[PDB]
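Notes for the one structure printed next.
Number of protein chains: 2
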Amino acid sequence: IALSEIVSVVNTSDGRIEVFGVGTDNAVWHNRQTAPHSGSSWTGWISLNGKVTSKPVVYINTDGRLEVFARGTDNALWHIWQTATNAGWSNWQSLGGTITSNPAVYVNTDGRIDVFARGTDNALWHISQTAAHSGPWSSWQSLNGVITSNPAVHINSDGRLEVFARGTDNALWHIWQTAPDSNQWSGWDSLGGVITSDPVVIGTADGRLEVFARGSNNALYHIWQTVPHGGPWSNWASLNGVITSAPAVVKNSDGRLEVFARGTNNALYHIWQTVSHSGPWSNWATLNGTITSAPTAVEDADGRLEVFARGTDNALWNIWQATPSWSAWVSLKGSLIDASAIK
Amino acid sequence: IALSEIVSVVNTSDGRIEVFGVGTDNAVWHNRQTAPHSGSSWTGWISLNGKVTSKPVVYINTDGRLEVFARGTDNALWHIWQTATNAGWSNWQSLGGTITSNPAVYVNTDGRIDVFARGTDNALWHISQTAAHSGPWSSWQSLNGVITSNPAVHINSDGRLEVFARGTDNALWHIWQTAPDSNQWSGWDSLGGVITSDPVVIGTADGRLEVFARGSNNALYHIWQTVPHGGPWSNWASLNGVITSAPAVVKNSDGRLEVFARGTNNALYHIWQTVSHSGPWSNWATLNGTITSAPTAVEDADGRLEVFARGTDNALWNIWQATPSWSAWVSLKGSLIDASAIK
Ligand SMILES: CO[C@@H]1O[C@@H](C)[C@@H](O)[C@@H](O)[C@@H]1O
Ligand SMILES: CO[C@@H]1O[C@@H](C)[C@@H](O)[C@@H](O)[C@@H]1O
Ligand SMILES: CO[C@@H]1O[C@@H](C)[C@@H](O)[C@@H](O)[C@@H]1O
Ligand SMILES: CO[C@@H]1O[C@@H](C)[C@@H](O)[C@@H](O)[C@@H]1O
Ligand SMILES: CO[C@@H]1O[C@@H](C)[C@@H](O)[C@@H](O)[C@@H]1O
Ligand SMILES: CO[C@@H]1O[C@@H](C)[C@@H](O)[C@@H](O)[C@@H]1O
Ligand SMILES: CO[C@@H]1O[C@@H](C)[C@@H](O)[C@@H](O)[C@@H]1O
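Line by line, the protein sequences are chains B and A. Residue numbers for the first sequence follow the authors' numbering, beginning at 29 and rising by one. Residue numbers for the second sequence follow the authors' numbering, beginning at 29 and rising by one.
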């Protein structure tokens with residue numbers, strides 16, 4: 029697997045970016061913008077404690093409360109959650125299980141967080157809240173398959189969760205709810221190709237899933253639903269380049285997709301749709317830096333992309349999107365590790 | 029009450045704007061962009077039939093299905109829904125009650141649509157889906173108060189619904205859920221002022237409610253939460269102008285608020301936050317035309333504002349936020365009436 033993202037990031041319900049990563053102590057730490065604008069100062073790193081053995085994944089409940097999922101030292105899924113929106117945190121609590129990947133997390137149309145992770149059998153498993161933004165949690169449940177990457181999940185424009193992963197043949201595979209909120213899932217299906225990164229999935233401005241992944245020649249590839257929330261999918265297409273990390277995809281404030289990834293000189297590169305969403309793609313361009321993780325990208329409250337990546341000093345660095353050139357690479361300090369359960 | 033909005037507008041799950049209005053036959057008609065882009069052509073007007081006696085209000089269920097609420101000729105609340113996302117429509121069905129205002133509609137954090145309408149006692153009443161995006165519906169319940177305008181609803185950044193309506197003293201009042209999804213609401217709180225239009229409410233880029241209304245001198249006023257999802261509120265602040273309709277507010281793609289209203293010469297006027305969201309407001313500027321309703325504004329899938337208003341020929345007209353100085357007005361044809369239950 030190509031080098032992973034090292035933080036999970038969200039724009040919170042009060043328009044501040046909040047970033048979560050794993051320290052050299054194997055605890056989860058978070059850092060938050062003090063103001064809801066590009067170029068804001070940062071709180072600085074605060075520990076949520078714990079001892080984790082995967083990438084932490086943050087998700088926002090439908091009531092705005094942040095919730096973090098990660099594998100623990102006992103290999104169970106653990107979580108920790110804000111007890112009120114943007115306020116204080118609970119203690120860490122186990123959700124049991126024994127998992128062998130990073131979690132992937134999404135919310136159902138009924139407000140129930142659904143968490144996906146690989147099992148000891150190498151199947152995809154899932155567990156979910158039984159009520160909107162609320163425990164108790166369900167029991168684990170298998171979705172079978174046998175997968176060789178961390179999973180990625182997104183919602184279709186008809187409300188059906190759909191999960192993506194690399195299979196034993198190194199192809200992109202997927203599986204989907206048969207109906208919104210449903211514990212009844214489809215059978216596994218294959219989209220072919222050969223991929224050398226975790227896949228990353230996004231919903232387009234016109235309601236279609238689009239999936240990006242590094243290919244066997246280390247170029248960036250993508251593939252998409254041809255109609256909203258349905259098949260057929262397209263043929264694989266190449267966006268070229270050569271990337272030395274997992275790709276990260278985000279939607280600009282005007283709908284245009286943009287993808288970020290480490291280049292072969294360890295600098296950050298990006299490529300974007302031009303003209304409009306679903307428009308033709310640009311040439312790759314550099315944003316400089318020397319980075320030691322995959323980048324992570326998010327839209328801030330001013331409608332600008334912000335990217336995060338670990339530096340040569342093992343600190344987290346940040347850069348954001350401005351008219352002619354981007355911002356400075358700015359250090360948020362800290363000392364992060366790649367705790368990804370599959371590397 | 030100042031002259032109302034004539035259509036209800038929504039972004040569909042496949043990135044097209046869809047507008048809903050009442051025809052000269054008192055049936056609900058709709059028109060949809062053919063393409064998810066600014067300046068797209070339109071399907072043309074299609075009837076949903078029925079016979080309504082309020083402004084119709086569309087809302088998108090969390091599974092992507094559109095649903096329209098309107099008062100019927102029997103003064104009850106009626107609704108009609110898509111049977112599949114962006115597909116065919118149900119028959120009209122009654123939710124009963126007797127209502128004396130336009131409905132206001134919002135979704136709870138648990139995916140259950142809540143509908144609010146003034147009752148025969150001039151209290152605010154509500155009815156909701158009992159499950160996520162699904163019937164059956166609840167019994168009617170009173171949220172008390174005595175109100176003299178149409179209600180407006182939005183969700184807080186902590187997931188609590190909040191409703192605004194003018195009171196018997198002509199002040200802006202409000203009530204809120206004590207917790208997300210709850211049927212337990214607060215008492216009516218006065219935010220004072222004297223308002224001469226329905227209030228409009230929006231959520232800011234940093235998670236605060238902000239309310240706009242015409243005041244006693246026909247100026248535009250606004251008031252806001254000073255902290256995300258909490259009090260205290262600011263004082264009322266004038267945005268000046270002299271407006272001859274209800275105002276409509278929308279958020280740009282970069283978070284800046286922009287308000288639209290009819291001026292004294294019956295043209296469309298607007299005013300916007302400059303620099304960034306929550307920044308200082310512009311001067312009023314005209315967008316020309318001659319309109320016979322309040323405008324309705326929405327962001328399209330390219331991140332551009334689109335405004336709709338009835339024209340002198342009773343057709344619906346459109347203008348959108350093109351680079352230099354906005355598009356030309358284009359007619360979408362049709363023949364619309366103002367069916368608002370309170371005028
Ligand atoms: C809070 O508890 C600590 O962190 C959790 C995430 C688990 O790894 C547990 O075994 C460890 O003791
Ligand atoms: C269902 O098929 C099994 O699981 C898929 C996810 C792939 O790994 C495939 O090659 C494997 O045999
Ligand atoms: C712009 O700065 C460059 O890239 C950062 C991400 C850091 O690795 C730093 O040490 C390096 O000089
Ligand atoms: C389909 O039913 C028609 O429209 C409804 C919205 C009601 O006004 C009803 O009385 C009328 O007959
Ligand atoms: C269900 O209750 C009925 O409808 C409500 C909306 C109110 O108008 C009430 O006075 C009336 O009795
Ligand atoms: C709760 O109090 C009732 O409702 C408010 C909205 C006001 O109209 C007030 O005059 C009335 O007595
Ligand atoms: C731009 O055109 C002007 O405004 C439109 C909204 C229509 O009312 C039209 O008749 C009028 O002349």
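We treat Cβ as the ideally placed atom computed from N, Cα and C, and that holds for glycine.
Asked: Chain B contact for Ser41 (chain A) (CB, 8 Å cutoff); Found: yes
Asked: Residue nearest to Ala322 (chain B) in terms of C-alpha spacing, selected from B:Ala276, B:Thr206, B:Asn311; Found: B:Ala276
Asked: Three-state secondary structure (DSSP) of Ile88 (chain B); Found: strand
Asked: Rounded separation between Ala104 (chain A) and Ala115 (chain B) - CA only; Found: 42 Å
Asked: Partner residues on chain A for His257 (chain B), Cβ-Cβ distance less than 7 Å; Found: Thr113
Asked: Residue closest to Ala159 (chain B), alpha-carbon to alpha-carbon, out of A:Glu327, A:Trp153, A:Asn136, A:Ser177; Found: A:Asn136
Asked: Near ligand 3: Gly317 (chain B) beta-carbon under 7 Å from a heavy atom; Found: yes
Asked: Among A:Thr52, A:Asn54, A:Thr71, A:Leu123, the one whose alpha carbon lies nearest that of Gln61 (chain A); Found: A:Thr71
Asked: N-terminal and C-terminal residue of the beta strand (DSSP E) that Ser156 (chain B) is part of; Found: 152-159
Asked: Separation of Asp328 (chain A) from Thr40 (chain A), as counted between CA atoms; Found: 10 Å
Asked: Buried versus exposed, by CB contacts within 10 Å (16 or more), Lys279 (chain B); Found: buried
Asked: Rounded C-alpha distance that separates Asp91 (chain B) from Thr113 (chain B); Found: 7 Å
Asked: Chain B contact for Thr137 (chain A) (CB, 8 Å cutoff); Found: yes
Asked: Boundaries (first-last residue) of the beta strand (DSSP E) holding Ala180 (chain A); Found: 180-183
Asked: C-beta neighbour in chain B for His65 (chain A), strict 8 Å; Found: yes
Asked: Beta-carbon proximity list for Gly243 (chain B), same chain, < 6 Å, skipping 5 on both sides; Found: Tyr249
Asked: Chain-ordered residues of the stretch 178-190 of chain A with a beta carbon less than 7 Å from chain B; Found: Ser185, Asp186, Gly187
Asked: Boundaries (first-last residue) of the beta strand (DSSP E) holding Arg236 (chain A); Found: Premise fails: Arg236 (chain A) is in no beta strand (DSSP E) and is neither H nor E.
Asked: Closer than 7 Å: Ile175 (chain A) CB and nearest ligand 6 heavy atom; Found: yes
Asked: Sufficient close CB pairs (3 or more, under 8 Å) joining the stretch 203-215 of chain B to the stretch 162-174 of chain B; Found: yes
Asked: C-alpha gap between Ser69 (chain A) and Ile299 (chain A), whole angstroms; Found: 27 Å
Asked: Exposure label - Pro164 (chain A); buried when at least 16 CB within 10 Å; Found: exposed
Asked: 8 Å Cβ cutoff met for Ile45 (chain B) and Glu286 (chain B); Found: no
Asked: For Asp217 (chain A), the three-state DSSP class (helix, strand or coil); Found: strand
Asked: Reduced DSSP category for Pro227 (chain A) - H, G, I as helix; E, B as strand; rest coil; Found: coil
Asked: beta-carbon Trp312 (chain A) near ligand 1 non-hydrogen atom, thresh 7 Å; Found: no
Asked: Per-residue contacts from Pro208 (chain B) into chain A (C-beta, under 8 Å); Found: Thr90, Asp91, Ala160, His161
Asked: Where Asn346 (chain B) falls, given that 16 or more other Cβ within 10 Å makes a residue buried; Found: buried
Asked: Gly362 (chain B) CB to nearest heavy atom of ligand 3 below 7 Å; Found: no
Asked: Test: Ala329 (chain B) CB closer than 8 Å to a CB of chain A; Found: yes
Asked: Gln212 (chain A) versus A:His161, A:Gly147, A:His154, A:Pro256, residue with shortest Cα-Cα distance; Found: A:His154
Asked: Supposed contact pair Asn294 (chain B) and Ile319 (chain B) - C-beta distance, whole angstroms, cut 8 Å; Found: 6 Å
Asked: Stretch pair the stretch 217-229 of chain B + the stretch 173-187 of chain A: three plus CB contacts closer than 8 Å; Found: no
Asked: Nearest neighbour of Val303 (chain A), chosen from A:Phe288, A:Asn316, A:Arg284, A:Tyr297 [CA to CA]; Found: A:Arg284
Asked: Pick from B:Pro260, B:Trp312, B:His257, B:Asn184 that is closest to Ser266 (chain B), judged by C-alpha positions; Found: B:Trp312
Asked: contact_flag[the stretch 347-367 of chain B, the stretch 45-60 of chain A] where n(CB pairs < 8 Å) is 3 or more; Found: no
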